[PDB]
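In: could you work out the structure for the sequence below:
(chains A, B, C and D)
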Amino acid sequence: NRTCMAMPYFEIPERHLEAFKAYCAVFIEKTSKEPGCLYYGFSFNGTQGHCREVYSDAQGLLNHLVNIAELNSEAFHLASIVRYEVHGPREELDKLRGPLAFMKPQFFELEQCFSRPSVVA
Amino acid sequence: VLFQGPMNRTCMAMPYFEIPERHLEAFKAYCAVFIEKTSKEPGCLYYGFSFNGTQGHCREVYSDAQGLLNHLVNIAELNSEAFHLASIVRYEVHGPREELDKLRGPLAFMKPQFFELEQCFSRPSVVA
Amino acid sequence: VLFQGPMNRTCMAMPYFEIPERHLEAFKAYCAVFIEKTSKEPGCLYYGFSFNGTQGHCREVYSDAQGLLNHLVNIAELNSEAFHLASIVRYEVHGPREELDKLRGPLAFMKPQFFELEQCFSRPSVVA
Amino acid sequence: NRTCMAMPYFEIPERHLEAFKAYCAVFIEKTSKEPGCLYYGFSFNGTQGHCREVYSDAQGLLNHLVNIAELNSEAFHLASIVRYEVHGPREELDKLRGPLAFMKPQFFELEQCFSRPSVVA
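Out: Numbering: from 1, shown residues only, chains lettered A, B, ... in the order given. You can find the structure just below:
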């Protein structure tokens, strides 16, 4: 199981919350074209935003960053990413520590796990 | 084009642990005990521990809010005996509003950060 | 593949009228009066009358539940004077649960059939 | 404005309600491929189901019936259609009275209307 999970946390000014949520549907449409993306969901604690992103492997996360780059530049003025976590097995995170350094990610290496045959992450 | 519909009932809990270095290996050993206990819960879909050095984390995925409540009851005794190895510094709960409404009362003692899931894409054969 | 997200706030009201034949042409004339009055409501997106012989119908589309309540206030006086031309035999209200919750109290006197909108596809440029 | 609106009403046994709602997502996926379908939404009054279907013209409704026929036969045992209304201008409903007779439709001819430039139905 090489699945990796990325989690950006967003600080959204209250005047930008509705525009941010409208863009979420655009990010979801664009990300839905990625074969390696298994899950992409936006959740909110008031003005604190969050995305739970599941990719089939490290390459999937790298594909997503390239795929989403143009949308990122369009919407980058609506919020600040205040934290970025990447969770997965060490052998996949090893492929990401170099490429992702610009995000200052917090890397969590998955070491012990239970899961049902239906649910990979 | 726009697609709209109800979210899955799935809820995810994420405690973040501050583990003293002198307790880190004992904490990791106990993780096997917590996994074994949780693996018998019908409502638990995923339960896994990850580490950023001495920062620990558990990703807990339940089929609905009731699954998370069942876990709280199941693990209460174990939580109280491994209590001393770490402290929980953040506790997040993610899920749809209607399920999180069932959790705000029972989990108040954890002072959780509740994130209401509002928009999602998924491949349902592999992730809920 | 599965897409999930919130419904539009749009609400639709549909009264069905039983119109005596002797009143049908007068009813149709008054429809112009009701359309003119309703056309000044900011919250009204669509308001149209259709007929299956002497069975009349209005399709009323509002941007949210508040729009429907504003219409009730706006039309109250007109409703009371054209009151005698027909009877309402069915009154349906369609929309998302959170908006319909705002209507169950104010519209109780109409004994409405409330249909909660749960899944939808749409082309947002032309239909809400 | 040639738009027509179709409205099936469903009586769903309580034991079939969840399966019916799961099929709704399949009907929505299939109907989303129709260029002439502008809106397709399912609503529920307990066990009473309803679809609000908006088509750009009478041909769109006929295309939908053909497009959805295979799914109809798969799911036809989950509920009964107890009423079927078709609303639109007379000139479009004239094209449907023959083809749709098997549904025993209730035809409502739209005669007077207000709408904002953004909303066709």
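
In: C-alpha only now, for contacts and for neighbours.
Out: Will do.

In: near chain B, which residues of chain A show up?
Out: Applying the criterion CA under 8 Å from any CA of the partner chain, the portion of chain A that neighbours chain B consists of A:24-25, A:28, A:32, A:38-45, A:49-50, A:87-88, A:106-116, A:118-121.

In: go again using 6 Å as the cut-off
Out: Residues of chain A found near chain B (CA under 6 Å from any CA of the partner chain) are A:38-45, A:107-116, A:118-120.

In: and the helices in chain A?
Out: Counting by DSSP state H, chain A has helices at residues A:17-31, A:58-67, A:69-75, A:90-93.

In: turn the ones you listed into JSON lines, including mean neighbour count.
Out: Conversion of those to JSON lines gives the following (neighbours: other CA atoms under 10 Å in any protein chain shown):
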{"stretch": "helix A:17-31", "mean neighbour count": "16"}
{"stretch": "helix A:58-67", "mean neighbour count": "17"}
{"stretch": "helix A:69-75", "mean neighbour count": "12"}
{"stretch": "helix A:90-93", "mean neighbour count": "16"}
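
In: mind putting those helices into TSV with distance to chain C?
Out: Putting the helices of chain A into TSV (distance: least, CA to the nearest CA, whole Å) gives the following:
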stretch	distance to chain C
helix A:17-31	8
helix A:58-67	17
helix A:69-75	19
helix A:90-93	25
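
In: can you list contacts of stretch A:112-121?
Out: B:45, B:46, B:47, B:48, B:49, B:126, B:127 (CA atoms under 6 Å, 6 or more residues apart in numbering or on different chains).

In: one more time with 7 Å
Out: Residues external to stretch A:112-121 that are found in contact with it (CA atoms under 7 Å, 6 or more residues apart in numbering or on different chains): B:35, B:39, B:45, B:46, B:47, B:48, B:49, B:125, B:126, B:127, B:128.

In: which positions within it qualify as buried?
Out: Buried residues in stretch A:112-121, counted by 16 or more other CA atoms under 10 Å in any protein chain shown: A:112, A:113, A:114, A:115, A:120, A:121.

In: among these, name the ones in strands.
Out: Applying DSSP state E to the buried residues of stretch A:112-121, the entries found in strands are A:112, A:113, A:114, A:115.

In: list the contacts of residue A:20.
Out: Residues in contact with residue A:20, defined by CA under 7 Å, 6+ apart, are residue A:78.

In: that one and chain D, how far apart?
Out: Spatial separation of residue A:20 from chain D under the definition CA to the nearest CA, to the nearest Å is 23 Å.

In: residue A:5 too?
Out: Here the criterion is CA to the nearest CA. By it, residue A:5 lies 27 Å from chain D.

In: so that residue makes contact with residue A:57?
Out: No. Between residue A:5 and residue A:57 no contact is recorded; they are 9.0 Å apart, counting by CA atoms under 7 Å.

In: anything in contact with each of these two?
Out: In the contact map built from CA under 7 Å, 6+ apart, no residue is linked to both residue A:5 and residue A:57.

In: more neighbours: the two, which one.
Out: residue A:5 (23 against 20; other CA atoms under 10 Å in any protein chain shown).

In: partners of the more buried one in the sheet?
Out: With beta bridges defined as DSSP bridges, residue A:5 has these partners: residue A:54, residue A:87.

In: could you give the number of residues near residue A:49?
Out: The number of residues packed around residue A:49, counting by other CA under 10 Å, is 23.

In: now it: closest residue in space that isn't a chain neighbour?
Out: Of all residues beyond its chain neighbours, the one nearest residue A:49 is residue A:10 (4.6 Å), with distances taken as CA to CA, 6 or more residues apart in numbering or on different chains.

In: correct me if wrong: that neighbour contacts residue A:84.
Out: No. Using CA under 7 Å, residue A:10 is not in contact with residue A:84; the gap is 9.2 Å.

In: wait, what's in contact with residue A:90?
Out: Applying CA under 7 Å, 6+ apart, the residues contacting residue A:90 are residue A:109.

In: repeat the analysis, applying 10 Å as the threshold.
Out: Going by CA atoms under 10 Å, 6 or more residues apart in numbering or on different chains, residue A:90 touches A:2, A:96, A:107, A:108, A:109, A:110, A:111, B:50.

In: buried subset of those residues as a PyMOL selection?
Out: Buried residues among the contacts of residue A:90 (16+ other CA under 10 Å), as a PyMOL selection:
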select buried, (chain A and resi 96+107+108+109+110) or (chain B and resi 50)
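
In: of the contacts of residue A:90, just say which sits nearest to chain C.
Out: Nearest to chain C among those: residue A:2, at 20.5 Å, using CA to the nearest CA.

In: for that closest one, which non-adjacent residue is spatially closest?
Out: Nearest to residue A:2 is residue A:57, by CA to CA, 6+ apart, at 5.0 Å.

In: next: residue A:56.
Out: With CA to CA, 6+ apart as the measure, residue A:3 is the residue that lies nearest to residue A:56, at 4.4 Å, once sequence neighbours are left out.

In: residues contacting residue A:64?
Out: Taking CA under 10 Å, 6+ apart as the contact definition, residue A:64 lies against A:30, A:31, A:33, A:34, A:35, A:36, A:37, A:53, A:55, A:58.

In: the third one touches residue A:40, doesn't it?
Out: No. Taking contacts as CA atoms under 10 Å, residue A:33 lies outside contact range of residue A:40: 11.5 Å.

In: any shared contact partners between the two?
Out: When contacts are counted by CA under 10 Å, 6+ apart, residue A:33 and residue A:40 have no shared neighbour.
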